[PDB]
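What follows is the content of run00.txt, which has compact mmCIF, C-alpha atoms and all ligand atoms:
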# COMPACT_ATOMS: atom_id res chain seq x y z
CA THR A 17 46.44 -11.05 -19.08
CA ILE A 18 46.18 -14.83 -18.53
CA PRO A 19 42.82 -16.41 -19.16
CA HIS A 20 41.14 -17.95 -16.02
CA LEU A 21 39.38 -21.24 -16.41
CA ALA A 22 37.25 -23.18 -13.91
CA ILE A 23 38.24 -26.61 -15.47
CA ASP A 24 39.42 -29.11 -12.75
CA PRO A 25 41.82 -31.45 -14.61
CA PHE A 26 41.94 -33.65 -11.44
CA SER A 27 38.13 -34.18 -11.25
CA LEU A 28 36.40 -37.46 -11.97
CA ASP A 29 34.24 -35.89 -14.71
CA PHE A 30 37.40 -34.61 -16.43
CA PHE A 31 39.10 -38.03 -16.20
CA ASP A 32 36.00 -39.66 -17.61
CA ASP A 33 35.96 -37.39 -20.61
CA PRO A 34 39.06 -35.13 -20.85
CA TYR A 35 39.07 -34.24 -24.53
CA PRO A 36 36.63 -31.23 -24.68
CA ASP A 37 38.29 -29.69 -21.64
CA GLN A 38 41.78 -30.28 -22.96
CA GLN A 39 40.73 -28.52 -26.14
CA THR A 40 39.48 -25.57 -24.13
CA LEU A 41 42.78 -25.56 -22.06
CA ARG A 42 44.65 -25.31 -25.40
CA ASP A 43 42.32 -22.88 -27.17
CA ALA A 44 41.82 -20.38 -24.35
CA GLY A 45 45.41 -19.28 -24.79
CA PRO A 46 48.99 -20.53 -24.62
CA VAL A 47 49.17 -20.07 -20.76
CA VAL A 48 46.10 -20.46 -18.56
CA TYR A 49 45.24 -19.92 -14.89
CA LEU A 50 43.24 -22.71 -13.15
CA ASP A 51 40.82 -21.18 -10.60
CA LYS A 52 40.31 -24.52 -8.84
CA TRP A 53 43.91 -25.08 -7.81
CA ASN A 54 45.39 -21.56 -8.17
CA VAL A 55 48.16 -22.65 -10.55
CA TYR A 56 49.31 -21.84 -14.09
CA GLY A 57 49.02 -24.44 -16.91
CA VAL A 58 50.22 -24.96 -20.48
CA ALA A 59 48.35 -27.43 -22.71
CA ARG A 60 49.76 -26.84 -26.23
CA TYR A 61 52.62 -28.85 -27.70
CA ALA A 62 54.91 -25.79 -28.14
CA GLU A 63 54.86 -24.62 -24.54
CA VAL A 64 54.90 -28.08 -23.02
CA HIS A 65 57.93 -28.97 -25.11
CA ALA A 66 59.69 -25.69 -24.40
CA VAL A 67 59.12 -26.04 -20.60
CA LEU A 68 60.47 -29.72 -20.52
CA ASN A 69 63.57 -28.56 -22.44
CA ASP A 70 64.52 -25.68 -20.15
CA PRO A 71 65.25 -27.34 -16.77
CA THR A 72 67.26 -24.40 -15.49
CA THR A 73 64.26 -22.08 -15.72
CA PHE A 74 61.60 -24.83 -15.03
CA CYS A 75 63.13 -26.94 -12.26
CA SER A 76 62.05 -30.38 -10.80
CA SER A 77 63.70 -30.13 -7.31
CA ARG A 78 60.75 -28.19 -5.98
CA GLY A 79 58.63 -31.28 -6.89
CA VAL A 80 56.84 -32.34 -10.10
CA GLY A 81 53.45 -32.52 -8.34
CA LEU A 82 51.36 -29.56 -7.25
CA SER A 83 53.11 -29.37 -3.90
CA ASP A 84 56.12 -26.95 -3.71
CA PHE A 85 58.84 -28.76 -1.81
CA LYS A 86 60.58 -25.52 -0.88
CA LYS A 87 57.40 -24.52 0.97
CA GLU A 88 55.77 -27.84 1.89
CA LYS A 89 56.80 -31.20 3.43
CA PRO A 90 57.25 -33.89 0.69
CA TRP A 91 54.90 -36.77 1.39
CA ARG A 92 57.88 -39.12 1.14
CA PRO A 93 61.71 -38.57 0.88
CA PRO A 94 62.17 -37.03 -2.61
CA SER A 95 63.31 -39.21 -5.53
CA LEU A 96 67.07 -38.72 -6.37
CA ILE A 97 66.29 -38.63 -10.08
CA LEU A 98 62.66 -37.36 -10.75
CA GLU A 99 62.77 -34.65 -8.10
CA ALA A 100 66.31 -33.33 -8.65
CA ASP A 101 67.86 -30.91 -11.16
CA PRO A 102 71.27 -30.99 -12.86
CA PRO A 103 73.96 -31.24 -11.62
CA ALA A 104 72.59 -33.32 -8.66
CA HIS A 105 70.36 -35.34 -11.05
CA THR A 106 73.23 -36.41 -13.31
CA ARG A 107 74.92 -39.19 -11.38
CA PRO A 108 71.73 -41.01 -10.48
CA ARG A 109 70.41 -40.58 -14.03
CA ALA A 110 73.66 -42.13 -15.30
CA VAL A 111 73.31 -45.16 -13.05
CA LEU A 112 69.71 -45.94 -14.11
CA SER A 113 70.48 -45.22 -17.82
CA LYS A 114 73.29 -47.85 -17.67
CA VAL A 115 71.06 -50.33 -15.72
CA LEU A 116 68.30 -49.95 -18.40
CA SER A 117 70.60 -49.62 -21.47
CA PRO A 118 70.10 -50.98 -25.00
CA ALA A 119 72.80 -53.69 -24.20
CA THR A 120 70.76 -54.68 -21.17
CA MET A 121 67.53 -54.87 -23.30
CA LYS A 122 69.33 -57.25 -25.64
CA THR A 123 70.02 -59.70 -22.83
CA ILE A 124 66.42 -59.82 -21.62
CA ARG A 125 64.45 -59.50 -24.89
CA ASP A 126 64.20 -63.19 -25.85
CA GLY A 127 62.74 -64.04 -22.41
CA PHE A 128 60.31 -61.11 -22.59
CA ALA A 129 59.23 -62.09 -26.11
CA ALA A 130 58.68 -65.78 -25.11
CA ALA A 131 56.53 -64.67 -22.17
CA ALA A 132 54.48 -62.43 -24.37
CA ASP A 133 53.83 -65.18 -26.94
CA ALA A 134 52.93 -67.74 -24.20
CA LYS A 135 50.64 -65.17 -22.63
CA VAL A 136 48.78 -64.60 -25.88
CA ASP A 137 48.48 -68.37 -26.55
CA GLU A 138 46.99 -68.84 -23.03
CA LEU A 139 44.44 -66.01 -23.50
CA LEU A 140 43.29 -67.47 -26.78
CA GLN A 141 42.33 -70.74 -25.02
CA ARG A 142 39.80 -68.79 -22.84
CA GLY A 143 38.69 -66.44 -25.64
CA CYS A 144 36.83 -64.06 -23.23
CA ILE A 145 39.45 -62.24 -21.20
CA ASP A 146 39.85 -59.00 -19.35
CA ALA A 147 42.47 -57.09 -21.40
CA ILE A 148 43.52 -55.31 -18.24
CA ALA A 149 43.76 -58.03 -15.55
CA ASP A 150 44.73 -60.82 -17.94
CA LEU A 151 47.03 -58.85 -20.30
CA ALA A 152 47.98 -55.23 -19.54
CA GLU A 153 48.50 -56.18 -15.86
CA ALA A 154 49.39 -59.86 -16.06
CA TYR A 155 52.08 -59.51 -18.73
CA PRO A 156 54.27 -56.82 -17.06
CA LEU A 157 53.72 -58.68 -13.71
CA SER A 158 55.13 -61.82 -15.34
CA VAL A 159 58.36 -60.18 -16.63
CA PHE A 160 59.28 -56.94 -14.78
CA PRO A 161 59.29 -58.10 -11.07
CA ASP A 162 61.57 -61.01 -12.17
CA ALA A 163 63.73 -58.68 -14.20
CA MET A 164 64.18 -56.45 -11.08
CA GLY A 165 65.19 -59.51 -9.02
CA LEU A 166 62.26 -59.20 -6.59
CA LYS A 167 61.14 -62.13 -4.34
CA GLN A 168 57.73 -63.71 -4.99
CA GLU A 169 56.07 -62.59 -1.72
CA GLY A 170 54.32 -59.22 -1.44
CA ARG A 171 54.21 -58.43 -5.21
CA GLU A 172 50.58 -57.58 -4.97
CA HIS A 173 51.64 -54.24 -3.40
CA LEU A 174 53.45 -53.11 -6.62
CA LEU A 175 50.45 -51.78 -8.56
CA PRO A 176 48.79 -50.07 -5.65
CA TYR A 177 52.15 -48.59 -4.49
CA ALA A 178 52.65 -46.99 -7.92
CA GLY A 179 48.98 -45.84 -7.98
CA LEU A 180 49.67 -44.03 -4.67
CA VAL A 181 52.87 -42.35 -5.95
CA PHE A 182 51.03 -41.19 -9.05
CA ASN A 183 48.03 -39.94 -7.03
CA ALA A 184 50.39 -38.03 -4.67
CA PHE A 185 51.64 -35.74 -7.48
CA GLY A 186 48.12 -34.43 -7.69
CA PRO A 187 46.24 -31.70 -5.72
CA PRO A 188 44.94 -32.45 -2.14
CA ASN A 189 41.63 -34.01 -3.33
CA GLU A 190 40.03 -37.26 -2.08
CA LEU A 191 42.09 -39.45 -4.51
CA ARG A 192 45.31 -38.09 -3.03
CA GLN A 193 44.26 -38.02 0.62
CA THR A 194 42.83 -41.59 0.64
CA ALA A 195 45.94 -42.95 -1.14
CA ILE A 196 48.22 -41.43 1.46
CA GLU A 197 46.06 -42.57 4.41
CA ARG A 198 46.49 -46.12 3.11
CA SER A 199 50.17 -45.95 2.11
CA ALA A 200 52.01 -47.50 5.01
CA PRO A 201 51.86 -51.17 4.07
CA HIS A 202 52.74 -50.54 0.41
CA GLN A 203 55.74 -48.34 1.49
CA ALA A 204 56.93 -50.96 4.10
CA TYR A 205 56.92 -53.63 1.40
CA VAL A 206 58.80 -51.43 -1.12
CA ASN A 207 61.31 -50.28 1.50
CA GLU A 208 62.24 -53.87 2.26
CA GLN A 209 62.56 -54.87 -1.38
CA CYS A 210 64.99 -51.91 -2.07
CA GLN A 211 67.58 -53.48 0.26
CA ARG A 212 70.57 -55.20 -1.28
CA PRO A 213 70.10 -58.67 0.36
CA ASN A 214 66.49 -58.88 -1.08
CA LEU A 215 67.37 -58.35 -4.75
CA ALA A 216 68.37 -61.40 -6.75
CA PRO A 217 71.75 -61.53 -8.52
CA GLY A 218 71.63 -60.50 -12.23
CA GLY A 219 68.43 -58.34 -11.96
CA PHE A 220 68.09 -54.53 -12.15
CA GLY A 221 68.04 -54.13 -8.37
CA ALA A 222 71.33 -56.02 -7.84
CA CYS A 223 72.85 -54.19 -10.84
CA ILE A 224 71.94 -50.83 -9.17
CA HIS A 225 73.55 -51.88 -5.83
CA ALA A 226 76.73 -52.95 -7.70
CA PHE A 227 77.32 -49.21 -8.28
CA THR A 228 78.07 -48.86 -4.57
CA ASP A 229 81.12 -51.13 -5.04
CA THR A 230 82.96 -48.74 -7.42
CA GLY A 231 81.85 -45.66 -5.38
CA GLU A 232 79.54 -44.43 -8.14
CA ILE A 233 76.70 -44.19 -5.49
CA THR A 234 76.57 -44.61 -1.70
CA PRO A 235 74.89 -47.50 0.22
CA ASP A 236 72.18 -44.85 1.15
CA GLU A 237 71.56 -43.84 -2.44
CA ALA A 238 71.25 -47.31 -3.90
CA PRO A 239 67.95 -48.29 -2.11
CA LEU A 240 66.42 -44.91 -3.21
CA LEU A 241 67.36 -45.66 -6.88
CA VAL A 242 65.73 -49.15 -6.57
CA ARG A 243 62.73 -47.27 -5.17
CA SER A 244 62.54 -45.16 -8.36
CA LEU A 245 62.21 -48.28 -10.58
CA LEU A 246 59.53 -49.74 -8.19
CA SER A 247 57.61 -46.45 -8.26
CA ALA A 248 57.71 -45.89 -12.09
CA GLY A 249 58.59 -49.12 -13.83
CA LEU A 250 55.33 -51.23 -13.65
CA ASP A 251 52.01 -49.26 -13.69
CA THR A 252 53.19 -47.04 -16.56
CA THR A 253 53.79 -50.06 -18.79
CA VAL A 254 50.45 -51.66 -17.66
CA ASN A 255 48.70 -48.47 -18.77
CA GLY A 256 50.69 -48.14 -22.02
CA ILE A 257 49.93 -51.75 -22.95
CA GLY A 258 46.30 -51.35 -21.88
CA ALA A 259 46.11 -48.19 -24.10
CA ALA A 260 47.50 -50.04 -27.11
CA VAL A 261 45.01 -52.97 -26.70
CA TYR A 262 42.18 -50.51 -26.22
CA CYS A 263 43.30 -48.65 -29.37
CA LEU A 264 43.51 -51.91 -31.37
CA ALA A 265 40.00 -52.84 -30.07
CA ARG A 266 38.48 -49.52 -31.02
CA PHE A 267 40.28 -49.19 -34.46
CA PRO A 268 39.81 -52.62 -36.18
CA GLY A 269 41.42 -51.28 -39.43
CA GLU A 270 44.68 -50.53 -37.55
CA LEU A 271 44.78 -54.01 -36.05
CA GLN A 272 44.50 -55.40 -39.60
CA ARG A 273 47.40 -53.23 -40.79
CA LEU A 274 49.46 -54.42 -37.85
CA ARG A 275 48.56 -58.06 -38.72
CA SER A 276 49.75 -57.36 -42.37
CA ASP A 277 53.08 -56.05 -41.23
CA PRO A 278 54.03 -57.12 -37.67
CA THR A 279 57.24 -55.00 -37.76
CA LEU A 280 54.79 -52.09 -37.11
CA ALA A 281 54.45 -53.45 -33.47
CA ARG A 282 57.01 -51.02 -32.00
CA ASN A 283 55.44 -47.94 -33.64
CA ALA A 284 51.90 -49.15 -32.95
CA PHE A 285 52.88 -49.13 -29.25
CA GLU A 286 54.59 -45.66 -29.51
CA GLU A 287 51.49 -44.26 -31.09
CA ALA A 288 49.31 -45.76 -28.29
CA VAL A 289 51.52 -43.85 -25.77
CA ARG A 290 50.95 -40.62 -27.77
CA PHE A 291 47.25 -41.27 -28.21
CA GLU A 292 46.34 -42.12 -24.63
CA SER A 293 49.27 -40.58 -22.76
CA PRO A 294 49.32 -42.86 -19.74
CA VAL A 295 51.19 -40.22 -17.72
CA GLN A 296 48.90 -37.23 -18.23
CA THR A 297 50.53 -34.39 -16.35
CA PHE A 298 53.64 -33.23 -14.52
CA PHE A 299 54.52 -29.87 -12.97
CA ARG A 300 57.64 -27.70 -12.81
CA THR A 301 58.55 -24.64 -10.71
CA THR A 302 60.01 -21.41 -12.13
CA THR A 303 63.44 -20.49 -11.00
CA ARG A 304 63.27 -16.83 -12.25
CA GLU A 305 60.88 -14.55 -13.93
CA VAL A 306 60.13 -16.02 -17.38
CA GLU A 307 58.16 -15.10 -20.43
CA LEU A 308 56.09 -18.21 -21.40
CA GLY A 309 53.53 -18.17 -24.23
CA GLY A 310 53.66 -14.38 -24.17
CA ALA A 311 52.81 -14.07 -20.45
CA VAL A 312 55.37 -13.05 -17.80
CA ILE A 313 55.38 -15.59 -14.94
CA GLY A 314 57.15 -14.72 -11.69
CA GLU A 315 59.88 -16.74 -9.99
CA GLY A 316 58.79 -19.53 -7.62
CA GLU A 317 55.62 -20.45 -9.50
CA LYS A 318 54.22 -23.94 -10.23
CA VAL A 319 53.36 -24.63 -13.86
CA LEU A 320 51.21 -27.66 -14.89
CA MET A 321 52.13 -29.31 -18.21
CA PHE A 322 49.37 -31.26 -19.99
CA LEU A 323 51.36 -33.93 -21.68
CA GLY A 324 48.29 -35.78 -22.91
CA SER A 325 46.94 -32.50 -24.36
CA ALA A 326 50.32 -31.66 -26.09
CA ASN A 327 50.16 -35.11 -27.67
CA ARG A 328 46.78 -34.31 -29.19
CA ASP A 329 47.49 -30.66 -30.13
CA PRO A 330 46.39 -30.08 -33.74
CA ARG A 331 49.11 -27.35 -34.04
CA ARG A 332 51.61 -30.22 -33.92
CA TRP A 333 49.80 -33.33 -35.16
CA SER A 334 47.62 -34.15 -38.22
CA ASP A 335 44.33 -35.71 -37.13
CA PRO A 336 45.49 -35.93 -33.48
CA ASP A 337 42.32 -37.88 -32.51
CA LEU A 338 43.08 -40.80 -34.82
CA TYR A 339 45.13 -43.81 -33.81
CA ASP A 340 47.52 -44.30 -36.77
CA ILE A 341 50.13 -47.02 -36.43
CA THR A 342 52.37 -45.55 -39.18
CA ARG A 343 52.27 -42.01 -37.75
CA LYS A 344 55.69 -40.33 -37.36
CA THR A 345 55.60 -40.32 -33.49
CA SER A 346 59.04 -38.87 -32.96
CA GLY A 347 58.74 -35.84 -30.69
CA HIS A 348 55.58 -36.89 -28.75
CA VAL A 349 55.93 -36.05 -25.06
CA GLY A 350 54.29 -39.18 -23.49
CA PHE A 351 57.76 -40.16 -22.13
CA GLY A 352 58.64 -36.55 -21.40
CA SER A 353 61.45 -34.70 -23.23
CA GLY A 354 64.96 -33.52 -22.42
CA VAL A 355 67.16 -34.30 -19.35
CA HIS A 356 64.38 -36.23 -17.49
CA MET A 357 62.96 -38.01 -20.51
CA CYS A 358 61.87 -41.50 -19.38
CA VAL A 359 65.01 -43.46 -18.44
CA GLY A 360 62.95 -46.67 -18.56
CA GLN A 361 61.60 -46.02 -22.08
CA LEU A 362 63.53 -48.96 -23.57
CA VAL A 363 61.92 -51.35 -21.08
CA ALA A 364 58.50 -49.93 -21.78
CA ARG A 365 59.02 -50.20 -25.62
CA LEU A 366 60.46 -53.74 -25.28
CA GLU A 367 57.32 -54.96 -23.35
CA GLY A 368 55.03 -52.99 -25.67
CA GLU A 369 56.71 -54.21 -28.84
CA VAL A 370 56.87 -57.91 -27.93
CA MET A 371 53.28 -57.91 -26.77
CA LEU A 372 51.86 -56.25 -29.89
CA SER A 373 54.13 -58.51 -32.04
CA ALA A 374 52.49 -61.56 -30.27
CA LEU A 375 49.05 -60.04 -30.92
CA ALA A 376 50.06 -59.25 -34.52
CA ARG A 377 51.04 -62.93 -35.23
CA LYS A 378 48.34 -64.72 -33.17
CA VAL A 379 45.12 -62.73 -33.02
CA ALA A 380 42.67 -61.97 -35.89
CA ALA A 381 40.18 -59.78 -34.01
CA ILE A 382 39.76 -57.95 -30.65
CA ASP A 383 36.11 -57.07 -29.78
CA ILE A 384 35.11 -55.20 -26.66
CA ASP A 385 32.29 -57.29 -25.13
CA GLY A 386 31.07 -56.13 -21.73
CA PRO A 387 31.25 -52.97 -19.59
CA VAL A 388 34.49 -50.89 -19.84
CA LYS A 389 35.47 -49.48 -16.43
CA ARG A 390 37.98 -46.54 -16.10
CA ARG A 391 40.39 -46.26 -13.23
CA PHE A 392 40.69 -42.73 -11.80
CA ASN A 393 44.09 -41.50 -10.77
CA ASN A 394 45.56 -37.97 -10.40
CA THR A 395 48.35 -38.55 -12.91
CA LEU A 396 47.65 -41.89 -14.62
CA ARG A 397 45.08 -42.41 -17.36
CA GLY A 398 43.91 -45.97 -18.03
CA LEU A 399 41.17 -48.56 -17.50
CA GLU A 400 40.33 -50.79 -14.61
CA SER A 401 38.57 -53.45 -16.73
CA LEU A 402 38.38 -54.00 -20.49
CA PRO A 403 36.44 -57.25 -21.29
CA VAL A 404 37.30 -58.41 -24.80
CA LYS A 405 36.83 -61.43 -27.08
CA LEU A 406 40.00 -62.48 -28.77
CA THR A 407 39.64 -64.44 -32.11
CA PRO A 408 42.61 -66.58 -33.02
CA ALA A 409 44.35 -66.12 -36.41
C1 LIG B 1 54.63 -46.50 -21.18
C2 LIG B 1 55.32 -46.54 -20.05
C3 LIG B 1 55.99 -45.27 -19.46
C4 LIG B 1 55.60 -43.97 -19.56
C5 LIG B 1 54.38 -43.42 -20.32
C6 LIG B 1 56.52 -43.14 -18.78
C7 LIG B 1 56.44 -41.72 -18.66
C8 LIG B 1 57.45 -40.95 -18.11
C9 LIG B 1 57.57 -39.48 -18.11
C10 LIG B 1 56.52 -38.57 -18.72
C11 LIG B 1 58.71 -39.12 -17.48
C12 LIG B 1 59.34 -37.72 -17.33
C13 LIG B 1 59.17 -37.15 -15.94
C14 LIG B 1 59.46 -35.66 -15.89
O1 LIG B 1 59.75 -35.05 -16.96
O2 LIG B 1 59.30 -35.09 -14.75
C15 LIG B 1 59.36 -40.35 -17.06
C16 LIG B 1 60.52 -40.45 -16.36
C17 LIG B 1 61.00 -41.55 -15.67
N1 LIG B 1 60.63 -42.84 -15.97
FE1 LIG B 1 59.13 -43.44 -17.21
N2 LIG B 1 57.47 -44.02 -18.27
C18 LIG B 1 57.15 -45.33 -18.62
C19 LIG B 1 57.88 -46.48 -18.32
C20 LIG B 1 58.91 -46.55 -17.40
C21 LIG B 1 59.63 -47.72 -17.00
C22 LIG B 1 59.24 -49.12 -17.57
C23 LIG B 1 60.54 -47.32 -16.05
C24 LIG B 1 61.59 -48.13 -15.29
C25 LIG B 1 61.86 -49.44 -15.56
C26 LIG B 1 60.44 -45.87 -15.88
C27 LIG B 1 61.22 -45.04 -15.07
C28 LIG B 1 61.29 -43.67 -15.07
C29 LIG B 1 62.18 -42.91 -14.22
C30 LIG B 1 63.09 -43.45 -13.07
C31 LIG B 1 62.01 -41.51 -14.62
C32 LIG B 1 62.73 -40.28 -13.99
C33 LIG B 1 63.81 -39.99 -15.07
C34 LIG B 1 64.52 -38.66 -14.77
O3 LIG B 1 64.04 -37.85 -13.95
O4 LIG B 1 65.61 -38.43 -15.35
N3 LIG B 1 59.49 -45.47 -16.75
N4 LIG B 1 58.60 -41.45 -17.49
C1 LIG B 2 57.32 -41.27 -14.49
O1 LIG B 2 56.92 -41.39 -13.14
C2 LIG B 2 57.85 -41.48 -12.18
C3 LIG B 2 59.23 -41.41 -12.47
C4 LIG B 2 60.18 -41.52 -11.46
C5 LIG B 2 59.76 -41.78 -10.16
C6 LIG B 2 60.76 -41.90 -9.05
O2 LIG B 2 60.33 -42.36 -7.95
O3 LIG B 2 61.98 -41.56 -9.20
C7 LIG B 2 58.37 -41.86 -9.88
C8 LIG B 2 57.42 -41.74 -10.89
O4 LIG B 2 56.07 -41.81 -10.60
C9 LIG B 2 55.45 -42.94 -10.05
CL CL B 3 57.91 -44.66 -0.43
Target format structure tokens, applied to this file:
Amino acid sequence: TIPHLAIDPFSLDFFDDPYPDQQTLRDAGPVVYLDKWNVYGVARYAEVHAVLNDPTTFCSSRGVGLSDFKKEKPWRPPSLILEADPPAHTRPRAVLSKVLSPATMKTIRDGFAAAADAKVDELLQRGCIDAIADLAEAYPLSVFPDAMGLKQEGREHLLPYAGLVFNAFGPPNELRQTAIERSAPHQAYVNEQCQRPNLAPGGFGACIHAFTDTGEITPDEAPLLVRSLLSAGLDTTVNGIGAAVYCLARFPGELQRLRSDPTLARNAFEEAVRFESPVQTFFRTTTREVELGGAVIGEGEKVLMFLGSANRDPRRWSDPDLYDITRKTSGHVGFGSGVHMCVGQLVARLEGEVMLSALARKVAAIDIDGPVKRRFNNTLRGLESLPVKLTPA
């Protein structure tokens, strides 16, 4: 028997305060049934990790949102990487892994670090800043669009385009329906910027299209792989950076430990991703009957994974509700796990590291000062506004 719960993990009240409900989702049993959306879920670390690491049984090609692509019309042409299974997934995964490789990070890191330091020096001249608009948003906007090779015009569609894609994985509630009603101009902008003549030489977009020249991908595939990096590669990092600043603001003792040893910057950022889990949820679909958490689940069934919950599961983590910058974070599922584990995770950790390193070296205190406003999204957790006072070192 699978326990039934009435929790709506896509409701505003849940977004505004998820922790008691995530606890209940964990503690009711290892597999739950959600009355509201008629779907199975798993919220503990063990099950979430086991599902992520069995892609044959728990496939992605039937979509990683609620909608079942075998049954329902995808709201947009499916991603070649996120919404595919091996073997079809492998060649596009290989292309983006090479585009976003450690050797590539080396070539862009000095520029990203200089931007992060200049950003923090500029914020400290104002003192009173919005850690979202002026920092979690402004910093990735200053490095990632340039790193892709994108033109200047139309960049203001990037954040709302990614908000839409993330809302569209969710159930058919008002967040999802309003995003889709308003999607056309964001998609028209992104479609144009995926085309080879619009991507500057040297940048990720141009590097992707160079795979057509060796026959590694077709001219039709290349724009869809650019589209992947424009769907996933900005808002995620905005929310991960926003999480880490919010964590440093709420846990003054951790900011002081970071200031004592700035080489903690990389792990301080990793722990922010665990702690807040910017991407909260993803689904899979069963490919056969499977025993999961002691329950037998039939073939063809959607399963919701609570990544944010797995990252706070006390069966896996000591004091999961504390932000601890020296925590051993290895194994958290905030970037996923297994064959689809975040292919952009080195870009995200580069931005995260260099930014917290700048904060480590330059800032003595971060005090929230003003109303904190949350942004609601079906898949993304993060704030809309986070007014803070920064005190220089
Ligand atoms: C803190 C920031 C980030 C977080 C929390 C995050 C989270 C995730 C998660 C949970 C998945 C696994 C999806 C699944 O299992 O279905 C994923 C995959 C993916 N991520 Fe990220 N990501 C971040 C940054 C980025 C960046 C900066 C890029 C690109 C530059 C990117 C590109 C992708 C792509 C294309 C996939 C699909 C990979 C595959 O299916 O093999 N991500 N990410
Ligand atoms: C991690 O989130 C994503 C990953 C890949 C893609 C993709 O479009 O391939 C989209 C995502 O959501 C906006
Ligand atoms: Cl699109």
Which chains and residue numbers are within 6 Å of ligand LIG 2 (chain B), counting only C-alpha atoms and all ligand atoms, if I want them as a ChimeraX atom specification? /A:95,97-98,178,181-182,244,247-248
What does the distance from atom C8 of ligand LIG 1 (chain B) to CA of residue 357 (chain A) come to in Å, to one decimal?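 About the pair atom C8 of ligand LIG 1 (chain B) and CA of residue 357 (chain A): they are 6.7 Å apart.
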Between CA of residue 319 (chain A) and CA of residue 56 (chain A), what is the spacing in Å? 4.9 Å
Find the distance between CA of residue 369 (chain A) and CA of residue 278 (chain A) and write it in Å to one decimal.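 These two atoms are separated by 9.7 Å.
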Please, which residues have at least one atom within 7 Å of an atom of ligand LIG 1 (chain B), using all atoms listed in the file, listed as a ChimeraX atom specification? /A:68,76,80,97-99,109,244-245,248-250,252-253,255-256,289,293-295,298,349-353,355-361,363-364
Got a sec: who's within 9 Å of residue 400 (chain A), counting all atoms listed in the file, leaving out chain neighbours fewer than 3 positions off, as an MDAnalysis selection string? chainID A and resid 148:149 388:392
